[PDB]
2 protein chains.
Amino acid sequence: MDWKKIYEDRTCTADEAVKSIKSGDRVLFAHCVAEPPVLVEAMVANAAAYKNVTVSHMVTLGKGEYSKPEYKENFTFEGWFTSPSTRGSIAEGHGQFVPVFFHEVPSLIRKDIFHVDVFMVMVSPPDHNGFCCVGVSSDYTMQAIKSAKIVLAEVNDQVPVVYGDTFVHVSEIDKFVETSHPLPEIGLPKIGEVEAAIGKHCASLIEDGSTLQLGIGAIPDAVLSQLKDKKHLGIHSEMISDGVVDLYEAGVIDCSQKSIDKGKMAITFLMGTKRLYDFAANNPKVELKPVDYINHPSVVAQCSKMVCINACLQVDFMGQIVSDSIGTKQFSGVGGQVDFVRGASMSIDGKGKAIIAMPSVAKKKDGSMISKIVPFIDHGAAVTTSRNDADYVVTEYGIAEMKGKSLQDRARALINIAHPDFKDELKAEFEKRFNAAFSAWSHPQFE
Amino acid sequence: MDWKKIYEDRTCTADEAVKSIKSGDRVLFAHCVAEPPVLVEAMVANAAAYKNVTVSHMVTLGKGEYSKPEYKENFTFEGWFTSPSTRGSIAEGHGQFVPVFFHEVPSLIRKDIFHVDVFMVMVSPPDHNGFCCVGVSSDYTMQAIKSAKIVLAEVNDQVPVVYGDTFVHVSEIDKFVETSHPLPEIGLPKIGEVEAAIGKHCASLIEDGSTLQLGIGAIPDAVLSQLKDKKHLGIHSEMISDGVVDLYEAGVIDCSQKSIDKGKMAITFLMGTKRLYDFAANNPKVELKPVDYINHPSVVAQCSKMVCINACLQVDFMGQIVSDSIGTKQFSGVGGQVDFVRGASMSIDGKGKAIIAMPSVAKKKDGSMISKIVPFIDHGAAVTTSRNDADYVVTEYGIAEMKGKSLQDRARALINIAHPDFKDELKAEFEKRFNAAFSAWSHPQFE
């Protein structure tokens, strides 16, 4: 109606739209799959128009061109979660990294700590009432829309309409750039015997009626594959994957025993194949909500029989968990790992569990093996899940309980699930670290 | 009535009471000032009767005799927060340490992770209706009374009656041992120029009507002494000490602008001089509540203009905060530090602040001067407040903001508040760590 005039008046080309960015601006992209590639391309192509423009976002499936050293006078990448195409800049020094809990991002936007001069977002074209849909992200995207000084939208008719807090009226957007292209996809991972074993251990901790949080990759896919005997599972998760769709259509996940958002998979973003995007579209069983709801520890605490499944990179004898860095090298980010660990620990029913899982070993490129159960974290590594936060740790060799357990008993339990080849070296490190014998037993049979 | 017969039938000597403990038991002492010294003495005296009795508690003002190596066949100390009289056992190998958030202790007891066979607590003699008062502790003490298989009470008529969740009916207690002795006291700290400077910086962050959390020692006392010009301050704190009483008597703290528990100082335990214990007694302005209320991040989040002040030991370039260990040596515990950090971060009003403060330098055992602002944490140190949790860091040289700040900008801010004598060495380390100059500026003047 009146809105159609607004929409038409504000429609332009991508090259025109990015002229609204000025030197010194803080620019933010919509999260993950909602990043607008045509707008990002235009901004990068217009690099010489800009001096010292901050570019922030979290995980990206895009090229991360603005993060390359040649652009360092034009753009400064400020990642809140890094990925293969942007992590190089952080290692090299011209890119920056902010450690921030995923649930807290909207708060930092509202507080103007994460000030947003220009927000760039991909959306569906408007419905009959002038509401566009973000489709695949709610997360921090919805707050950014409200708080940004200028919102630039790539209107892509391949974006799905998904229920929840995903809608933005055309009157809230400054410029529209019309496009049509498929959304980025991630492939399904290969599951090895190591991951299969991890999934089986994780599955043994999951009872009927559990509310699940899990991500993407071989580990959560392995877990899901081992849940086919379970009943009435629910979802309250930062994201769902293609794997969750499989378990839903197997009849295992039905959200019938949830305490809040009953009958619905409650999520904050989507990332997978087009099969996932199609599933989520116009589906009463799926609802996207902002990250300061979904990942809020006080909200997770209200979930029934919460089971949160997340991966790490290494765990030390004290139960310090490193998940986002290898020594001084930054790889990803905390994301929602600690949000859900905390929510499960705070669970009002007292039934919440947080599982942190990893292969027990890695093969280095020189051919040698290394233990991911370690006496000490790598030099300069960031602790992601602190020793006080730690709950269950799982490898292909079993389950170690950290919660309420002493440093010595944590180390004993971790060594017990370490690779057999490393156990003697690790027990020697135990004795040096703790000034105590590994074995708590002492049988008179052995003098 | 009926109750008087119960009480009299269950009254006995300390030596008789401790025969309720058997080999293999988990024994728990009431927190801090409520530890029953006459019962502890009797237990240690009866050491030869016991094999492998676990002895747990948090901070202690007692002698910690059961933690000495000569007792290792009889007792195993399991600290949930260590102190000078028990920390030696952890370093030596025969004492154990559990990393646990203060607010979570009641939950672990309820879950039977912290199973309690015998709980030993000091209480006031019963009121007219048969209710004894813990007086100085609510914390985990109230849950432990409910959950323990057996409760042994030292009935000390010098224990104050203090309002809140501090009362236990005689029918809840198995044995009573009558005594009369003063409660343990801690001294008033000496405030040097360094702590006075820290206090001034912290005070500059505190507005009228703020709700405060702070502990004991030169830093919090220095902060309080700089608050004389503030108005309508409130208290929602793990503890109060003598300094808070001073500020209340000055009319600065009146609890008149609190959002919850209006007009009352809400606390979980008391530790100070007899002046504090007398003050808190029968006082409508003071209320003790358990730690899963007071320190619960979801409760702290409801507080108005929350300002949380806590101390640390060292902070690295990433904003990782070490507060409870010196390298591999365990010193204290997380206590409620992270509980209040998270609560302030989660504040519903968006006004919460968490301040972590420390002197910029220390003199080590060998007489050398060291920076407490460091490129990397000491080898094997536990991260107390993770980089994602970090908010304000304060030294005598000023304030550094961590929240929403990049690793590089955090390190710059921290170097800015380091001791002038260390700044150049620290900037050299900055360059090596980040591959960037401390000044992010290159000028054609110098090519």
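Side chains included, hydrogens not; waters and symmetry mates left out as well; all remaining heavy atoms used. Each chain gets a letter, A, B and so on, in the order its sequence line appears, and its residues count up from 1.
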When you measure from the side chain of B:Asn129 to the backbone of B:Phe131, do you find a donor-acceptor pair of N or O atoms at a distance under 3.5 Å?
no
If we ignore angles and hydrogens, is there a donor and acceptor under 3.5 Å between the side chains of B:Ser259 and B:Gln302?
no
In the structure I gave you, are the side-chain heavy atoms of B:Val100 and B:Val105 within less than 4.5 Å of one another anywhere?
yes
Do NZ/NE/NH1/NH2 and the carboxylate oxygens of B:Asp25 and B:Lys149 come within less than 4.0 Å?
no
I'd like to check B:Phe340 versus B:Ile294 (side-chain heavy atoms, cut-off strictly below 4.5 Å). Are they in contact?
yes
Applying the side-chain hydrogen bond (donor to acceptor under 3.5 Å, both in side chains) test to B:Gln330, which of B:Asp324, B:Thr82, B:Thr86 qualifies?
B:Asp324
Look only at the side chain of B:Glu185 and the backbone of B:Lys274, and say whether a donor-acceptor pair between them is shorter than 3.5 Å.
yes
Heavy-atom side-chain contact between B:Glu172 and B:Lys146 under 4.5 Å
yes
Are the side chain of B:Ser237 and the backbone of B:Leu214 linked by a donor-acceptor contact shorter than 3.5 Å?
yes
State whether the side chain of A:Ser298 and the backbone N or O of B:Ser298 hold a donor-acceptor pair below 3.5 Å, judged by distance alone.
no
Check whether any side-chain heavy atom of B:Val136 lies under 4.5 Å from a side-chain heavy atom of B:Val162, and answer yes or no.
no
Please list, one pair per line, the donor and acceptor atoms closer than 3.5 Å that link side chains of residues 12-20 of chain B to other protein atoms, with sequence neighbours excluded.
from: B:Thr13; atom 1: OG1; to: B:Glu16; atom 2: N; distance (Å): 3.2
from: B:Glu16; atom 1: OE1; to: B:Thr13; atom 2: N; distance (Å): 3.2
from: B:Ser20; atom 1: OG; to: B:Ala17; atom 2: O; distance (Å): 3.1

Does a donor on one side chain sit under 3.5 Å from an acceptor on the other, for B:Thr384 and B:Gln337?
no
Looking at B:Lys190 and B:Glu195, is there a salt bridge between them, counting it only when a charged N and a carboxylate O are closer than 4.0 Å?
no
Do any N or O atoms from the side chain of B:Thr385 and from the backbone of B:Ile321 form a donor-acceptor pair under 3.5 angstrom?
no
Taking the six-membered ring for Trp, are B:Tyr50 and B:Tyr66 closer than 6.0 Å centroid to centroid?
no
Considering only distance and modelled atom types, tabulate donor-acceptor pairs under 3.5 Å from the side chains of residues 260-267 of chain B, sequence neighbours left out.
from: B:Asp261; atom 1: OD1; to: B:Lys289; atom 2: NZ; distance (Å): 2.8
from: B:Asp261; atom 1: OD1; to: B:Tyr293; atom 2: OH; distance (Å): 3.3
from: B:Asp261; atom 1: OD2; to: B:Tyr293; atom 2: OH; distance (Å): 2.7
from: B:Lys262; atom 1: NZ; to: B:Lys258; atom 2: O; distance (Å): 2.7
from: B:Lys264; atom 1: NZ; to: B:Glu287; atom 2: OE1; distance (Å): 2.8

Taking C-beta and beyond as the side chain, do B:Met58 and B:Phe269 meet within less than 4.5 Å on heavy atoms?
no
Any side-chain heavy atom of B:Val98 sitting closer than 4.5 Å to one from A:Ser406?
yes
Is B:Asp339 reaching over with its side chain to a backbone N or O of B:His103, donor-acceptor style, under 3.5 angstrom?
yes
Are side-chain heavy atoms of B:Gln213 and B:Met306 found at a separation under 4.5 Å?
yes
Shortest non-hydrogen contact from B:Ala354 to B:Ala344?
N-CB, 4.1 Å
